[PDB]
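1. okay, here's the opening piece of the assembly, coordinates as they are in the complex:
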Amino acid sequence: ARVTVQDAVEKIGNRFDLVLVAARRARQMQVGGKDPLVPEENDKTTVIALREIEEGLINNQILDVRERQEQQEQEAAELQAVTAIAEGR
Amino acid sequence: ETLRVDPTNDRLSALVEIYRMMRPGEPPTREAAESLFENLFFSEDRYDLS
């Protein structure tokens, strides 16, 4: 369990945005699109996300970057799919 | 001075102002004012201290 979030509050200053970011990440884990970045102790996604914040390997910057990259990861897949839609003309 | 503030003169007048006090806005009547005032504190029916 995570008794105090002070360390996470150290990694990202705002402390509300801590809740938001850790939330978003915890969601990334809870509805599984992804896996933890650090060993799961049986800790629920709620705490795993916080452990990820405390280790400084997860925050708003990192998440935004990863997501932005994944958009192009899908664009690459559907590259030949959507260009086949030239029937639009 | 109480008399100096009294708008009325005779008994009928007083009963008029009283009946118009208790049941205001409706036209007063002699039998009405009399019946009211007699039925307030003087009627064995509508009143008692026991």
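-> Good, I have the coordinates. Residues are numbered from 1 along each chain as shown, chains lettered A, B, ... in the order given.
2. does residue B:46 belong to a helix or a strand, and which?
-> Assigned by DSSP states H and E, residue B:46 belongs to no helix or strand.
3. Give me the neighbour count for it.
-> Residue B:46: 10 surrounding residues under other Cβ atoms under 10 Å in any protein chain shown. (Each C-beta comes from the backbone N, C-alpha and C, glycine too.)
4. and it, what does it touch?
-> Shown in contact with residue B:46 (Cβ atoms under 8 Å, 6 or more residues apart in numbering or on different chains): B:39, B:40.
5. rerun at 10 Å
-> When contacts are counted by Cβ atoms under 10 Å, 6 or more residues apart in numbering or on different chains, residue B:46 touches B:38, B:39, B:40.
6. and which of those is nearest to residue A:60?
-> Closest approach to residue A:60 among these (Cβ to Cβ): residue B:40, at 82.3 Å.
7. Was I right to think that closest one contacts residue B:23?
-> No - between residue B:40 and residue B:23 there is no contact under Cβ atoms under 10 Å: 11.6 Å.
8. any idea where the helices of the chain begin and end?
-> Because you didn't say which chain, this covers chain A. Secondary structure of chain A (DSSP state H): helices located at A:6-11, A:16-30, A:45-54, A:60-77, A:79-82.
9. I was after chain B.
-> Under DSSP H, chain B gives helices at B:11-22, B:30-40.
10. Quick check: which of the ones you listed is nearest to residue A:77?
-> helix B:11-22 (91.7 Å).
11. quick revisit: now the helices of chain B in CSV, with distance to residue B:3 and mean neighbour count?
-> Compiled in CSV, the helices of chain B are given as follows (distance: least, Cβ to Cβ, whole Å; neighbours: other Cβ atoms under 10 Å in any protein chain shown):
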stretch, distance to residue B:3, mean neighbour count
helix B:11-22, 12, 14
helix B:30-40, 20, 14
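12. In CSV, list those along with distance to residue A:18.
-> As requested, the helices of chain B are exported to CSV (distance: least, Cβ to Cβ, whole Å):
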stretch, distance to residue A:18
helix B:11-22, 73
helix B:30-40, 77
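13. Here is chain C, add it in:
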Amino acid sequence: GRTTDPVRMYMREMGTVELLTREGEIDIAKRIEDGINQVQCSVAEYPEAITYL
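-> Placed with the earlier chains, chain C looks like this:
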């Protein structure tokens, strides 16, 4: 004069009109007869009213 609560503004407004005499009733009824029979006669004087019937 106006105490609101239309029970009054009615009760007083009607109280103005004086009660009818036993003769006045007959007067009014006679006036009724005059009016009506007038319109009936006016109807009888119209050709289309007949032809329609």
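14. Check the contacts of residue B:46 one more time with chain C there.
-> B:38, B:39, B:40.
15. what about 6 Å?
-> Contact partners of residue B:46, counting by Cβ atoms under 6 Å, 6 or more residues apart in numbering or on different chains, are residue B:39.
16. Burial check on residue A:31, number of neighbours?
-> Neighbours of residue A:31 (other Cβ under 10 Å): 9.
17. Hmm, I typed the wrong one, I wanted residue C:1.
-> Counted with other Cβ under 10 Å, residues neighbouring residue C:1 total 6.
18. For the residue in chain C positioned nearest to chain B, give its distance to residue A:50.
-> Minimum separation of chain C from chain B (Cβ to the nearest Cβ) falls at residue C:3, amounting to 3.3 Å. Between residue C:3 and residue A:50 the distance is 73 Å, computed by Cβ to Cβ, to the nearest Å.
19. quick one: which of these two has more around it?
-> The neighbour comparison of residue C:3 against residue A:50 (other Cβ under 10 Å) goes to residue A:50, with 22 against 12.
20. now that one: how far from residue B:20?
-> Counting by Cβ to Cβ, the gap from residue A:50 to residue B:20 is 80 Å.
21. Who are the contact partners of residue B:19?
-> B:28, B:32, B:33, B:36.
22. The third one: what's it in contact with?
-> Counting by Cβ under 6 Å, 6+ apart, residue B:33 touches B:15, B:16, B:19.
23. Nearest residue to the middle of the chain?
-> I went with chain A, as the question did not name one. When Cα atoms, centre = their mean is applied to chain A, the residue found nearest the centroid is residue A:25 (3.8 Å).
24. hm, I was asking about chain C
-> Nearest to the mean C-alpha position of chain C, by Cα atoms, centre = their mean, lies residue C:32 at 6.9 Å.
25. quick revisit: and of the contacts of residue B:33, the nearest to chain C?
-> Taking Cβ to the nearest Cβ as the measure, chain C lies nearest residue B:19 of those, at 14.7 Å.
26. burial measure for residue A:17, as a count.
-> Count around residue A:17 with other Cβ under 10 Å applied: 13.
27. What of residue A:22?
-> By other Cβ under 10 Å, the burial measure for residue A:22, its neighbour count, is 25.
28. extra chain here, label it chain D:
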Amino acid sequence: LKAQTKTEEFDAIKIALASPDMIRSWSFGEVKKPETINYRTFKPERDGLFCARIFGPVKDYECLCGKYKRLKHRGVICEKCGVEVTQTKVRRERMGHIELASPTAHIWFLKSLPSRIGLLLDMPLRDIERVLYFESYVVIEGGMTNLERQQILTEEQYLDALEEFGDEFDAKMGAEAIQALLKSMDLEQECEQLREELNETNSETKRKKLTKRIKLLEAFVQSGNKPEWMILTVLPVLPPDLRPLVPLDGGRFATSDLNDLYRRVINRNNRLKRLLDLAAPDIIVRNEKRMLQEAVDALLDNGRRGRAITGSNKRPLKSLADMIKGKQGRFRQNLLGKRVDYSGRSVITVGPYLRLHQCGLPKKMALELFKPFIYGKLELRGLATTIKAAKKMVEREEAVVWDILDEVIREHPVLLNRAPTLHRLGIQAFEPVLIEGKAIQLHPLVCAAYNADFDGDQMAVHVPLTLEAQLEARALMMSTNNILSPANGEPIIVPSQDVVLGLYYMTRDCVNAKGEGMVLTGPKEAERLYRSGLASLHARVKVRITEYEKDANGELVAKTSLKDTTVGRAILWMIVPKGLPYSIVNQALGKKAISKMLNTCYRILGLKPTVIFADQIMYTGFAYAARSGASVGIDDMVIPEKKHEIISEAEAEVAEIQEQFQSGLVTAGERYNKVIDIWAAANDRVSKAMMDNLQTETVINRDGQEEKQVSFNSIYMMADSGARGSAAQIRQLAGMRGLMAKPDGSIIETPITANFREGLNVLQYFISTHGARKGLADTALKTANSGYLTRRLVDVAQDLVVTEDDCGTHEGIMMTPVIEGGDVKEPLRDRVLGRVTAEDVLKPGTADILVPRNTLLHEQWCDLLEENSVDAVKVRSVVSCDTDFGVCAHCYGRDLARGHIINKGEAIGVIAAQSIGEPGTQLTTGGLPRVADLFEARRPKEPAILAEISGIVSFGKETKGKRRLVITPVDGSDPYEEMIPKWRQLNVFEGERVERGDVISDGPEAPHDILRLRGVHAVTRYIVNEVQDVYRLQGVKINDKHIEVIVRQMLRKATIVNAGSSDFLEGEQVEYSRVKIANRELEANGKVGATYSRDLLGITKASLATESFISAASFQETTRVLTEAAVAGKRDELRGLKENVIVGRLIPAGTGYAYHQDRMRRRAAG
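-> That brings us to chain D, laid onto the chains above:
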């Protein structure tokens, strides 16, 4: 990009008058009949208050006649009776209407205090009503004949006038007349003419009313509402499901009161149409029209005419206005309260075994609470086939479900709450620990935050469903994350009673005991010495200890030494973490000291070590207090041996003064004062007797004959440590208790001679009873007073939130120690702590900057300022903050449950109000009503008058009611003469110069004055100092900040002096004004900038003004607010807390601040 048509996520809201065609737009049919249901088959009669055709199908996706019963046929209108088969919920949605025969006035616009139809037409109310009742004729568009436009006539007058003028003159009566008035009204023309008339004549009485009225007019014009709409042509009907006919047990039906009303309206209306088609006489149709007016009025808002009663029941029927308003003063459901799922509650118990980050929860409770989670997790692993079977499993309570519950509980926090919620700590998050029992276990250290006793107090539990709620609870509402009261940086986790008696009993020293004067290597063998029974817990002993100091740079220094201390202190030292010096535990450890221990530990080691430290302190406190064997006997309370003697002597005095009254040497009242004085002095004597005795009387021998120390007696240790009891109560246990005072307040001259250890007889007890009853009554009253105060406070602040980061202003208030009377009622260090310097400060010598510019002053900065002699620091405050529509974090301070600077987006107004309000139960002109008076800015009863302007003054004129005072400035003119009643003893010297704001008389003064004459900083200083004078005298710690934000909200409004944009005398937001003048100093007009004057509005007054009308409808009078907004067509954009709470979306603060921001900028932009 096509903008949109259908459903989006809506912003703001709009409110205005309703058009007949608009009313029809909502209406999906006209209700033509008073009938409800058929009376046998309960189906709705067509075209009635309850109807399938107009409103909706009785049962889901089914026609009334029953032809199309299939879920397939949906958008189908039935041929038999048109009913589109769709969910029954639509019968809760679709509205209706009624076409009224004769026009009707909307009672909300007739009877609202500033009658709308009245002042819009510039016509008196009584006239308009007299016209509505057909009592008189009113003119419309008189033209040029003999008569005015708004003029009123009578029967005979109207007849004569008509006889004179056939046409070019117009008069009507009834509702049609008022409608004709409003419709013929041309607002623009009135605007032009009124502007001219405003400009021509010079009189105050004239142009005041003139400007007010033109402003009103043009406002109503810009609204988009046309006056005609104040008169209802069409009457909308509320959906049937919102006024249900639904049946009950025993075949009995129950329906709302709106049906009686609506039915009445329909009836009278239809009967009116009937009487029209019968060509009835005037009187009849008039009576009918009036009756219709009354019915409609009673429907809309009942009680403003006759108070109509419901069928067979005396109690007046509830109208739509009452439906909206609600009850319990002003409570609109999002206020009074709302039922919530996933919750519970029960009696609470102790659970000392718990860590402070957790708490006990009953098994069954946790089962029923987490039930959905339990289902989903049961079938996720595969223990249950389907959700049904899962329910069957948890219903049977199979052995396998308990483990799954242990799974879903683990990292999942829960919210705990108490009944009297005041400060934010009233609700705190904990980690659930499954416990066998029906009782909730609550960690002892938190029992202070809730103000919860163990006497049967109940707590409630809520489950943080969504992920965001889990993380919100864990990172904010969590217990460990708030260790510090938001009111002041002092720890609220301070040990309570048993624990402090434990730590007190531990570290203390009796003169002689086992192992006295020996030496030990370390705390380990000290404890080992104690447990074995070889050495006593308390003995003076030298032992070697290793203490750390982190005084190096981010680094712990280690040093060892032989400390002269006691066995108990040595044992306790094991707990004290790291860099804390041994000195802290070398004392007697009272409640105050044991608190300062935790404090220092937090300001040194940080959060986590403070948490674990506190936990350990609780555990050891309980353990050693248990071992201590502390108890209370009847002999533990020691009465002075000299008591009876003091009693007798003070009793001789009374007969001395009595004999003097017998001989007439003294008067009656003076005698009374004398006897009361001697008895009081007696009580003081016995008190300070038993105190000395009970305190130091322990007389014990070490190696010599005698010596004496502070007593080891139980009740004393209890009172001295601060565990419980106090000198006041102990005084009542041993010595005599006080003198009592009859309800009148006249204090009886025969005090209570006996005490509780002794017996009280009949009289004494009877006399005490009144004191008791007045005690309970007064306290129970002051709870309510506190509540009301907090309410006014949150209402006046609320939406104030930290928004911008830094406004960057050098502005601030001068922070000095309070220095009242004799020495220092409060230091400088506390006043400036956790705040930020407006500008850099100096040493005695300069070009050496200790604290640069704006920096947070923490313990090190404040002690660095304490090293130096600096008596003066200018500090940034929330009252002087340059940021408009909010406070910048750089202005506020660091104060929070955490030592770091205040976060961006935290809502400070709320927490400020809560902080001011929580202690309010602990407050005793002076007192709590004094505080209420202060925040209300009420002018006192017998105030003082400050000098208007500096310079020499003299006494003008003579006696009529006043003797005029003539002021004479040095350079400028002297028109200023104030009329001061001469029957009030003056102060000001007839021959001396008086600075503006000097004392021209005595008594308290209204803060309006202090603001105007002495300045803004001056008045805020007066308020904060006076209210702090009230609290501090009671022993209440509240930081100046919260009070200062309340103050900022008080002065939010100001009245303009100069011109060039808006009106002259308008009171308006200093935010709006300052933003407009700062914007007008450059560009625009070169400089047209207008001067204002700061205004002081009381809290309850400043609460009145809120942009959002939905917010105003909450705590104010709803009926007025809705109208008064609806006329101007006011558009509520939300943007505040209360409004967003009502509308049910994320709060524009806290976590939601990242939302409303990313929105607010997207709005009014690209």
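29. and the neighbour count of residue C:1, now that chain D is in?
-> A count of nearby residues for residue C:1, using other Cβ under 10 Å, gives 9.
30. hang on, the residue nearest to the centre of chain A packs against residue A:50?
-> No - with contact defined as Cβ atoms under 6 Å, residue A:25 does not reach residue A:50; the gap is 9.0 Å.
31. so what's residue D:259 up against?
-> For residue D:259, the contacting residues are D:49, D:243, by Cβ under 6 Å, 6+ apart.
32. Equivalent analysis for the one 4 residues further on, please.
-> The contact partners of residue D:263, by Cβ under 6 Å, 6+ apart, come to residue D:34.
33. Assign it to helix, strand or coil.
-> helix (DSSP: H, G, I helix; E, B strand; the rest coil).
34. Name the nearest residue to the residue nearest to the centre of chain A, ignoring sequence neighbours.
-> The shortest distance from residue A:25 to any non-neighbouring residue, by Cβ to Cβ, 6 or more residues apart in numbering or on different chains, is to residue A:49 (4.4 Å).
35. Could you do residue D:1133 as well?
-> residue D:12 (4.3 Å).
36. got it, and residue D:198?
-> That would be residue D:210: by Cβ to Cβ, 6+ apart, it lies 4.5 Å from residue D:198.
37. buried set for the helix or strand where the one you found lies?
-> Using DSSP H and E, residue D:210 sits in helix D:204-223. Buried residues in helix D:204-223, defined by neighbour count with 16 or more other Cβ atoms under 10 Å in any protein chain shown: D:207, D:210, D:211, D:213, D:214, D:216, D:217, D:218, D:220.
38. so the second one sits right up against residue D:196, yeah?
-> The one in question is residue D:210. No - assessed by Cβ under 6 Å, residue D:210 is found out of contact with residue D:196, at 10.1 Å.
39. Please save the CA atoms from the helix or strand harbouring residue D:294 in CSV.
-> Following DSSP H and E, one finds residue D:294 within helix D:282-300. Provided in CSV are the C-alpha atoms of helix D:282-300 (Å, rounded to 0.1, in the frame of the first residue of the first chain):
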residue,chain,number,x,y,z
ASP,D,282,-70.9,41.5,-18.2
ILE,D,283,-70.9,41.0,-14.5
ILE,D,284,-70.9,37.2,-14.9
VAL,D,285,-68.0,37.0,-17.4
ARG,D,286,-66.1,39.5,-15.2
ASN,D,287,-66.5,37.3,-12.2
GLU,D,288,-65.3,34.4,-14.2
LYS,D,289,-62.3,36.3,-15.5
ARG,D,290,-61.3,37.3,-12.0
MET,D,291,-61.7,33.7,-10.8
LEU,D,292,-59.5,32.5,-13.7
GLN,D,293,-56.9,35.0,-12.7
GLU,D,294,-57.0,33.8,-9.1
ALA,D,295,-56.8,30.1,-10.2
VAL,D,296,-53.8,30.7,-12.5
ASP,D,297,-52.1,32.8,-9.8
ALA,D,298,-52.6,30.0,-7.2
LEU,D,299,-51.2,27.5,-9.7
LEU,D,300,-48.0,29.6,-10.3
